[PDB]
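K.L.:
Please find one structure pasted underneath; my questions will follow.
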Amino acid sequence: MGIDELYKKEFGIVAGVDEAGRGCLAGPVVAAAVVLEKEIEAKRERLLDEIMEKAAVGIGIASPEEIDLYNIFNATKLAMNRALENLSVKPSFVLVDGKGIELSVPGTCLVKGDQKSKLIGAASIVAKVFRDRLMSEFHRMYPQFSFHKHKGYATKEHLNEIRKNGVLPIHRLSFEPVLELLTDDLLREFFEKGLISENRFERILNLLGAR
Ligand SMILES: [Cl-]
Ligand SMILES: [Mg+2]
């Protein structure tokens with residue numbers, strides 16, 4: 001909509017920040033931070049290629065473990081800050097998709113920022129394309145799960161897969177739909193095998209015990 005134009009001149013280097021995967025049942029939250037010089041007008045992958053040519057980009061991830069330990073809001077912020085740390089240029093100001101998120105660099109959050117700002121639009125594209133590739137990797141690791149299709153979102157098929165095959169360490173064990181399927185025995189298996197940390201094990205065992 002052109003909101004970036006307001007921030008072009010008084011705010012030093014400005015980056016746009018967005019995420020992919022906040023709403024998922026499995027996998028990380030992936031954040032992108034983007035500083036664009038040049039003008040930019042699977043249209044996603046078309047745009048990714050132009051972004052790659054015309055922007056400085058940084059990527060930050062927060063794992064299922066971190067989501068389970070810190071909560072989805074803190075984990076998303078952790079990813080976003082990591083994305084800013086990953087940028088080769090240090091921005092002076094950030095435009096962030098959402099509401100009430102305070103990052104390591106001062107900024108402003110825009111509700112539906114991905115429709116209002118080109119910078120944030122560009123960050124949303126990078127984060128989505130890159131997270132989608134990762135989820136396709138996870139279908140290779142866990143072929144009983146169609147992560148390549150649902151991307152770990154709680155679709156009918158994903159839920160059917162969890163019910164039939166069991167929860168995985170890459171599931172967000174603290175989220176009700178997963179937590180309600182998880183057994184004490186499977187959780188102990190994960191810990192026994194070194195598939196989850198002791199901190200994560202204890203956290204989820206508490207959540208399960210209080211049920
Ligand atoms: Cl873990
Ligand atoms: Mg967003």
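A note on labels: chains of the structure tokens are A, B, ... as shown, every chain counts residues from 1, and ligands are counted from 1 in their shown order.
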Please identify all protein, DNA and RNA residues within 12 Å of ligand 2, counting only C-alpha atoms and all ligand atoms, and report them as a VMD selection string.
P.N.:
chain A and resid 16 to 23 29 to 33 76 80 95 to 99 101 109 to 117 119 to 128
K.L.:
Just write the chosen residues, C-alpha atoms, as a tab-separated table (two decimals), in the first residue's frame.
P.N.:
```
chain	number	residue	atom	x	y	z
A	16	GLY	CA	10.99	-5.64	7.24
A	17	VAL	CA	10.38	-8.67	9.49
A	18	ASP	CA	7.86	-11.52	9.17
A	19	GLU	CA	7.54	-15.19	9.93
A	20	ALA	CA	6.23	-18.44	8.63
A	21	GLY	CA	4.88	-21.35	10.72
A	22	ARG	CA	3.58	-19.64	13.86
A	23	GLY	CA	0.26	-21.44	13.48
A	29	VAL	CA	8.98	-20.88	13.32
A	30	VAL	CA	11.10	-19.35	10.53
A	31	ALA	CA	11.60	-15.59	10.46
A	32	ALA	CA	13.05	-13.44	7.67
A	33	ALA	CA	14.43	-9.88	7.89
A	76	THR	CA	8.47	-16.17	17.37
A	80	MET	CA	12.75	-12.64	14.55
A	95	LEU	CA	8.76	-2.77	10.39
A	96	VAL	CA	7.30	-5.97	11.88
A	97	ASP	CA	4.16	-7.91	10.83
A	98	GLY	CA	1.79	-8.25	13.78
A	99	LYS	CA	1.09	-6.49	17.08
A	101	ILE	CA	6.33	-7.43	19.37
A	109	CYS	CA	4.45	-3.40	14.33
A	110	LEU	CA	1.84	-3.30	11.61
A	111	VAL	CA	-1.27	-5.44	11.79
A	112	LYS	CA	-1.58	-7.14	8.37
A	113	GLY	CA	1.79	-5.52	7.64
A	114	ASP	CA	2.39	-8.02	4.86
A	115	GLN	CA	-0.32	-6.24	2.85
A	116	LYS	CA	0.71	-2.69	3.81
A	117	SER	CA	4.51	-2.77	3.39
A	119	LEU	CA	9.59	-4.81	3.02
A	120	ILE	CA	7.34	-6.98	5.19
A	121	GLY	CA	5.80	-8.50	2.03
A	122	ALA	CA	9.28	-9.52	0.91
A	123	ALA	CA	10.12	-11.02	4.38
A	124	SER	CA	6.85	-13.06	4.27
A	125	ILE	CA	7.81	-14.52	0.91
A	126	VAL	CA	11.32	-15.50	1.98
A	127	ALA	CA	10.16	-17.07	5.26
A	128	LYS	CA	7.34	-19.02	3.56
```
K.L.:
Counting only C-alpha atoms and all ligand atoms, name the residues that have an atom within 6 Å of an atom of ligand 1; the answer should be given as a PyMOL selection string.
P.N.:
chain A and resi 65+196-197+200
K.L.:
Can you tell me which residues surround segment 46-56 of chain A at a distance of at most 7 Å, considering only C-alpha atoms, apart from same-chain residues fewer than 4 positions away, and format the answer as an mmCIF file with C-alpha atoms, in the first residue's frame?
P.N.:
```
data_model
loop_
_atom_site.group_PDB
_atom_site.id
_atom_site.type_symbol
_atom_site.label_atom_id
_atom_site.label_comp_id
_atom_site.auth_asym_id
_atom_site.auth_seq_id
_atom_site.Cartn_x
_atom_site.Cartn_y
_atom_site.Cartn_z
ATOM 1 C CA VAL A 34 14.814 -8.046 4.597
ATOM 2 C CA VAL A 35 16.519 -4.799 3.578
ATOM 3 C CA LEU A 36 15.646 -3.949 -0.054
ATOM 4 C CA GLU A 37 17.497 -1.363 -2.139
ATOM 5 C CA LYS A 38 16.075 -1.970 -5.563
ATOM 6 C CA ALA A 42 4.728 -20.075 -7.889
ATOM 7 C CA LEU A 87 21.391 -9.877 8.402
ATOM 8 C CA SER A 88 24.763 -8.625 7.117
ATOM 9 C CA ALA A 122 9.275 -9.522 0.912
ATOM 10 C CA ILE A 125 7.815 -14.516 0.907
ATOM 11 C CA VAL A 126 11.321 -15.503 1.981
#
```
K.L.:
Can you pull out every residue within 10 Å of residue 92 of chain A, counting only C-alpha atoms, but drop anything in the same chain fewer than 6 positions away, and send it as a list in words?
P.N.:
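The neighbour list is residues 11, 12, 13, 14, 15, 105, 106 and 107 of chain A.
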K.L.:
Near residue 177 of chain A, within 8 Å and counting only C-alpha atoms, which residues show up once chain neighbours fewer than 3 positions away are dropped, as number ranges by chain?
P.N.:
A: 25, 180-181
K.L.:
I need the strand (DSSP E) residues of segment 12-203 of chain A per DSSP on the backbone, written as a PyMOL selection string.
P.N.:
chain A and resi 14-20+29-36+55-62+93-97+107-110
K.L.:
Those residues you just picked out, can you put them in a file as a compact mmCIF listing (two decimals), in the first residue's frame with N, CA, C and O atoms?
P.N.:
```
# COMPACT_ATOMS: atom_id res chain seq x y z
N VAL A 14 16.17 0.60 7.19
CA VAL A 14 14.95 -0.03 7.64
C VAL A 14 14.81 -1.45 7.05
O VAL A 14 15.00 -1.68 5.84
N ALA A 15 14.52 -2.41 7.93
CA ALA A 15 14.28 -3.79 7.57
C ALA A 15 12.82 -4.16 7.80
O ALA A 15 12.19 -3.66 8.74
N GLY A 16 12.29 -5.05 6.98
CA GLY A 16 10.99 -5.64 7.24
C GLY A 16 11.15 -7.04 7.80
O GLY A 16 12.12 -7.76 7.42
N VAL A 17 10.27 -7.41 8.75
CA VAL A 17 10.38 -8.67 9.49
C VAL A 17 9.02 -9.39 9.50
O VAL A 17 7.97 -8.79 9.77
N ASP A 18 9.05 -10.67 9.11
CA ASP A 18 7.86 -11.52 9.17
C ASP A 18 8.25 -12.96 9.43
O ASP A 18 9.43 -13.31 9.49
N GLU A 19 7.26 -13.80 9.60
CA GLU A 19 7.54 -15.19 9.93
C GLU A 19 6.65 -16.11 9.15
O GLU A 19 5.60 -15.72 8.57
N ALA A 20 7.07 -17.37 9.14
CA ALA A 20 6.23 -18.44 8.63
C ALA A 20 6.20 -19.57 9.71
O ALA A 20 7.24 -19.87 10.35
N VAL A 29 9.37 -22.18 13.87
CA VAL A 29 8.98 -20.88 13.32
C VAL A 29 10.26 -20.37 12.59
O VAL A 29 11.37 -20.42 13.14
N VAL A 30 10.07 -19.92 11.36
CA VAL A 30 11.10 -19.35 10.53
C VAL A 30 10.78 -17.88 10.32
O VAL A 30 9.69 -17.54 9.87
N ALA A 31 11.72 -17.04 10.68
CA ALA A 31 11.60 -15.59 10.46
C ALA A 31 12.58 -15.13 9.39
O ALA A 31 13.69 -15.67 9.26
N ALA A 32 12.16 -14.12 8.61
CA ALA A 32 13.05 -13.44 7.67
C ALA A 32 13.08 -11.95 7.96
O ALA A 32 12.05 -11.38 8.33
N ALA A 33 14.26 -11.35 7.83
CA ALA A 33 14.43 -9.88 7.89
C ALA A 33 15.04 -9.47 6.56
O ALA A 33 16.02 -10.06 6.14
N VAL A 34 14.48 -8.43 5.96
CA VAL A 34 14.81 -8.05 4.60
C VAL A 34 15.08 -6.53 4.55
O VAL A 34 14.25 -5.72 5.00
N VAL A 35 16.23 -6.17 3.99
CA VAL A 35 16.52 -4.80 3.58
C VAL A 35 16.61 -4.79 2.04
O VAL A 35 17.46 -5.45 1.47
N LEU A 36 15.71 -4.05 1.41
CA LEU A 36 15.65 -3.95 -0.05
C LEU A 36 16.16 -2.60 -0.51
O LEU A 36 15.69 -1.59 -0.04
N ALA A 55 18.06 -7.65 -2.45
CA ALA A 55 17.93 -7.46 -1.01
C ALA A 55 19.08 -8.09 -0.23
O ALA A 55 19.78 -9.00 -0.73
N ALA A 56 19.25 -7.60 1.00
CA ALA A 56 20.06 -8.26 2.00
C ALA A 56 19.02 -9.01 2.81
O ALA A 56 18.00 -8.41 3.14
N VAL A 57 19.29 -10.26 3.16
CA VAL A 57 18.27 -11.10 3.85
C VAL A 57 18.93 -11.82 5.00
O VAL A 57 20.08 -12.31 4.87
N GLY A 58 18.19 -11.96 6.11
CA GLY A 58 18.62 -12.75 7.24
C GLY A 58 17.49 -13.64 7.72
O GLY A 58 16.34 -13.24 7.62
N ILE A 59 17.87 -14.82 8.21
CA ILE A 59 16.96 -15.92 8.59
C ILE A 59 17.22 -16.33 10.03
O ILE A 59 18.39 -16.41 10.45
N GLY A 60 16.14 -16.50 10.80
CA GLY A 60 16.20 -16.93 12.18
C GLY A 60 15.20 -18.02 12.39
O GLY A 60 14.12 -18.00 11.75
N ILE A 61 15.53 -19.01 13.23
CA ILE A 61 14.60 -20.14 13.47
C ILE A 61 14.44 -20.31 14.95
O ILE A 61 15.40 -20.08 15.71
N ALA A 62 13.25 -20.71 15.37
CA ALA A 62 12.99 -21.15 16.75
C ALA A 62 12.41 -22.58 16.65
O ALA A 62 11.51 -22.83 15.81
N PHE A 93 15.95 0.46 12.24
CA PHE A 93 14.55 0.47 12.54
C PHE A 93 13.94 -0.73 11.83
O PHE A 93 14.38 -1.13 10.75
N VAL A 94 12.94 -1.34 12.44
CA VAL A 94 12.25 -2.47 11.81
C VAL A 94 10.77 -2.25 11.67
O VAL A 94 10.11 -1.66 12.56
N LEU A 95 10.23 -2.68 10.54
CA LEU A 95 8.76 -2.77 10.39
C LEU A 95 8.41 -4.26 10.53
O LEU A 95 8.95 -5.09 9.80
N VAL A 96 7.55 -4.60 11.50
CA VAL A 96 7.30 -5.97 11.88
C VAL A 96 5.82 -6.30 11.62
O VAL A 96 4.96 -5.55 12.01
N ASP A 97 5.53 -7.43 10.95
CA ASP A 97 4.16 -7.91 10.83
C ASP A 97 3.66 -8.34 12.18
O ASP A 97 4.27 -9.20 12.83
N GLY A 107 11.40 -0.24 16.44
CA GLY A 107 10.53 -0.48 15.32
C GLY A 107 9.09 -0.21 15.61
O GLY A 107 8.75 0.33 16.66
N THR A 108 8.26 -0.57 14.64
CA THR A 108 6.82 -0.48 14.72
C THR A 108 6.23 -1.75 14.15
O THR A 108 6.74 -2.32 13.17
N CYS A 109 5.20 -2.25 14.82
CA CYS A 109 4.45 -3.40 14.33
C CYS A 109 3.24 -2.93 13.55
O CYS A 109 2.55 -2.00 13.96
N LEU A 110 2.98 -3.60 12.44
CA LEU A 110 1.84 -3.30 11.61
C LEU A 110 0.96 -4.54 11.55
O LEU A 110 1.40 -5.61 11.12
```
K.L.:
What is the distance between atom CA of residue 204 of chain A and atom CA of residue 173 of chain A, in Å to one decimal?
P.N.:
6.8 Å
K.L.:
When DSSP is applied to the backbone of this structure, which of segment 71-166 of chain A are assigned alpha helix (DSSP H)? Write them out as a CSV table (one decimal) with N, CA and C atoms, in the first residue's frame.
P.N.:
```csv
chain,number,residue,atom,x,y,z
A,72,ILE,N,4.8,-19.8,22.2
A,72,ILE,CA,4.9,-19.6,20.7
A,72,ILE,C,5.2,-18.1,20.5
A,73,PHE,N,4.7,-17.2,21.4
A,73,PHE,CA,5.0,-15.7,21.3
A,73,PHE,C,6.5,-15.5,21.5
A,74,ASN,N,7.1,-16.0,22.6
A,74,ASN,CA,8.5,-15.8,22.9
A,74,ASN,C,9.4,-16.5,21.8
A,75,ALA,N,9.0,-17.6,21.3
A,75,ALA,CA,9.7,-18.4,20.3
A,75,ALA,C,9.7,-17.6,18.9
A,76,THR,N,8.6,-17.0,18.6
A,76,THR,CA,8.5,-16.2,17.4
A,76,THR,C,9.4,-14.9,17.4
A,77,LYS,N,9.4,-14.3,18.6
A,77,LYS,CA,10.3,-13.2,18.9
A,77,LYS,C,11.8,-13.6,18.8
A,78,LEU,N,12.1,-14.8,19.4
A,78,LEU,CA,13.4,-15.4,19.3
A,78,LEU,C,13.9,-15.5,17.8
A,79,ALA,N,13.0,-16.1,17.0
A,79,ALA,CA,13.3,-16.3,15.6
A,79,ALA,C,13.5,-14.9,14.9
A,80,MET,N,12.6,-14.0,15.2
A,80,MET,CA,12.7,-12.6,14.6
A,80,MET,C,14.1,-11.9,14.9
A,81,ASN,N,14.4,-12.0,16.2
A,81,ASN,CA,15.7,-11.4,16.6
A,81,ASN,C,16.9,-12.1,16.0
A,82,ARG,N,16.8,-13.4,15.9
A,82,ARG,CA,17.9,-14.2,15.2
A,82,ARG,C,18.0,-13.9,13.7
A,83,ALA,N,16.9,-13.6,13.1
A,83,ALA,CA,16.9,-13.1,11.7
A,83,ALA,C,17.6,-11.7,11.5
A,84,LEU,N,17.3,-10.8,12.4
A,84,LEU,CA,18.0,-9.5,12.5
A,84,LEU,C,19.5,-9.7,12.7
A,85,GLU,N,19.9,-10.6,13.7
A,85,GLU,CA,21.3,-10.9,13.9
A,85,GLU,C,22.0,-11.5,12.7
A,86,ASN,N,21.2,-12.3,11.9
A,86,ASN,CA,21.7,-12.9,10.7
A,86,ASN,C,21.9,-12.0,9.5
A,113,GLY,N,0.7,-6.3,8.2
A,113,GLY,CA,1.8,-5.5,7.6
A,113,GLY,C,2.3,-6.0,6.3
A,114,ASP,N,2.0,-7.3,6.1
A,114,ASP,CA,2.4,-8.0,4.9
A,114,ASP,C,1.6,-7.6,3.7
A,115,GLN,N,0.5,-6.9,3.9
A,115,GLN,CA,-0.3,-6.2,2.9
A,115,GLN,C,-0.1,-4.7,2.7
A,116,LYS,N,0.5,-4.1,3.8
A,116,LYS,CA,0.7,-2.7,3.8
A,116,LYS,C,2.1,-2.3,3.4
A,118,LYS,N,5.9,-3.2,1.5
A,118,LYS,CA,6.7,-4.0,0.6
A,118,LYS,C,7.9,-4.8,1.3
A,119,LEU,N,8.5,-4.2,2.3
A,119,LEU,CA,9.6,-4.8,3.0
A,119,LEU,C,9.1,-6.1,3.7
A,120,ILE,N,7.9,-5.9,4.4
A,120,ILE,CA,7.3,-7.0,5.2
A,120,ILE,C,6.8,-8.0,4.2
A,121,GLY,N,6.2,-7.6,3.1
A,121,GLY,CA,5.8,-8.5,2.0
A,121,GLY,C,6.9,-9.4,1.6
A,122,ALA,N,8.1,-8.8,1.4
A,122,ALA,CA,9.3,-9.5,0.9
A,122,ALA,C,9.7,-10.5,2.0
A,123,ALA,N,9.8,-10.1,3.3
A,123,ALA,CA,10.1,-11.0,4.4
A,123,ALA,C,9.1,-12.2,4.4
A,124,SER,N,7.9,-12.0,4.2
A,124,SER,CA,6.8,-13.1,4.3
A,124,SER,C,7.1,-14.1,3.2
A,125,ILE,N,7.5,-13.6,2.0
A,125,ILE,CA,7.8,-14.5,0.9
A,125,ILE,C,9.0,-15.4,1.2
A,126,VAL,N,10.1,-14.7,1.7
A,126,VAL,CA,11.3,-15.5,2.0
A,126,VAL,C,11.0,-16.6,3.1
A,127,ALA,N,10.4,-16.2,4.1
A,127,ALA,CA,10.2,-17.1,5.3
A,127,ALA,C,9.3,-18.2,4.8
A,128,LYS,N,8.2,-18.0,4.1
A,128,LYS,CA,7.3,-19.0,3.6
A,128,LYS,C,8.1,-20.0,2.6
A,129,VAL,N,8.8,-19.5,1.6
A,129,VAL,CA,9.5,-20.4,0.7
A,129,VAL,C,10.5,-21.2,1.4
A,130,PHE,N,11.3,-20.6,2.3
A,130,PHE,CA,12.3,-21.4,3.0
A,130,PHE,C,11.7,-22.4,3.9
A,131,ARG,N,10.7,-22.1,4.7
A,131,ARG,CA,10.0,-23.0,5.6
A,131,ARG,C,9.4,-24.1,4.8
A,132,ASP,N,8.8,-23.8,3.7
A,132,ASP,CA,8.2,-24.9,2.9
A,132,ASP,C,9.2,-25.9,2.4
A,133,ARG,N,10.4,-25.4,2.1
A,133,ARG,CA,11.5,-26.4,1.7
A,133,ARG,C,11.9,-27.3,2.8
A,134,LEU,N,12.0,-26.7,4.0
A,134,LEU,CA,12.3,-27.5,5.2
A,134,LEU,C,11.3,-28.5,5.5
A,135,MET,N,10.0,-28.2,5.4
A,135,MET,CA,9.0,-29.1,5.6
A,135,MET,C,9.0,-30.2,4.6
A,136,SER,N,9.3,-30.0,3.4
A,136,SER,CA,9.5,-31.0,2.4
A,136,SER,C,10.7,-32.0,2.8
A,137,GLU,N,11.8,-31.4,3.4
A,137,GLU,CA,12.8,-32.3,4.0
A,137,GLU,C,12.3,-33.2,5.1
A,138,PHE,N,11.4,-32.7,5.9
A,138,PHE,CA,10.8,-33.5,7.0
A,138,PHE,C,10.0,-34.7,6.4
A,139,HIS,N,9.4,-34.5,5.2
A,139,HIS,CA,8.6,-35.6,4.6
A,139,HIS,C,9.6,-36.7,4.2
A,140,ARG,N,10.8,-36.3,3.7
A,140,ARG,CA,11.9,-37.3,3.5
A,140,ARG,C,12.3,-38.0,4.8
A,141,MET,N,12.4,-37.3,5.9
A,141,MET,CA,12.7,-38.0,7.1
A,141,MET,C,11.6,-38.8,7.8
A,147,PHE,N,4.3,-33.8,5.2
A,147,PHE,CA,4.8,-32.5,5.6
A,147,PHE,C,5.0,-31.7,4.3
A,148,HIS,N,5.3,-32.3,3.2
A,148,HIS,CA,5.5,-31.6,2.0
A,148,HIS,C,4.2,-30.9,1.5
A,149,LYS,N,3.1,-31.4,1.9
A,149,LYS,CA,1.8,-30.9,1.5
A,149,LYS,C,1.2,-30.0,2.6
A,150,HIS,N,1.0,-30.5,3.8
A,150,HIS,CA,0.4,-29.6,4.9
A,150,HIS,C,1.4,-28.7,5.6
A,156,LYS,N,-6.8,-32.0,8.3
A,156,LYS,CA,-7.4,-33.3,8.5
A,156,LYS,C,-6.4,-34.4,8.4
A,157,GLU,N,-5.7,-34.4,7.3
A,157,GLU,CA,-4.7,-35.4,7.0
A,157,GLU,C,-3.6,-35.5,8.0
A,158,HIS,N,-3.1,-34.3,8.4
A,158,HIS,CA,-2.0,-34.3,9.4
A,158,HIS,C,-2.5,-35.0,10.7
A,159,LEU,N,-3.7,-34.5,11.2
A,159,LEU,CA,-4.3,-35.1,12.4
A,159,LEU,C,-4.5,-36.7,12.2
A,160,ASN,N,-4.9,-37.1,11.1
A,160,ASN,CA,-5.1,-38.5,10.8
A,160,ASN,C,-3.7,-39.2,11.0
A,161,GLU,N,-2.7,-38.6,10.4
A,161,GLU,CA,-1.3,-39.1,10.5
A,161,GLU,C,-0.8,-39.3,11.9
A,162,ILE,N,-1.0,-38.2,12.7
A,162,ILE,CA,-0.6,-38.3,14.1
A,162,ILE,C,-1.3,-39.4,14.8
A,163,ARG,N,-2.6,-39.5,14.6
A,163,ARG,CA,-3.4,-40.5,15.3
A,163,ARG,C,-3.0,-41.9,14.9
A,164,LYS,N,-2.6,-42.1,13.7
A,164,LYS,CA,-2.3,-43.4,13.2
A,164,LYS,C,-0.8,-43.8,13.5
A,165,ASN,N,0.1,-42.9,13.4
A,165,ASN,CA,1.5,-43.1,13.4
A,165,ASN,C,2.2,-42.7,14.8
```
K.L.:
Smallest atom-to-atom distance to residue 170 of chain A: which of A:198, A:68, A:189, A:102, using only C-alpha atoms?
P.N.:
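Counting only C-alpha atoms, the residue closest to residue 170 of chain A is A:68.
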K.L.:
Which one of A:24, A:103, A:205, A:40 sits closest to residue 175 of chain A if you count only C-alpha atoms?
P.N.:
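Of the candidates, the smallest distance to residue 175 of chain A is held by A:24.
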K.L.:
Kindly give the distance, in Å, that separates atom CA of residue 169 of chain A and atom CA of residue 185 of chain A, rounded to a single decimal.
P.N.:
13.5 Å
K.L.:
Atom CA of residue 176 of chain A to atom CA of residue 203 of chain A: how many Å, to one decimal?
P.N.:
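Separation of atom CA of residue 176 of chain A and atom CA of residue 203 of chain A: 14.0 Å.
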K.L.:
Under the rule that only C-alpha atoms are counted, which of A:28, A:183, A:190, A:41 is the nearest residue to residue 151 of chain A?
P.N.:
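Between A:28, A:183, A:190, A:41, the residue approaching residue 151 of chain A most closely is A:28.
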K.L.:
Using only C-alpha atoms, can you tell me which of A:153, A:69, A:100, A:171 comes closest to residue 207 of chain A?
P.N.:
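Among the listed residues, A:69 lies closest to residue 207 of chain A.
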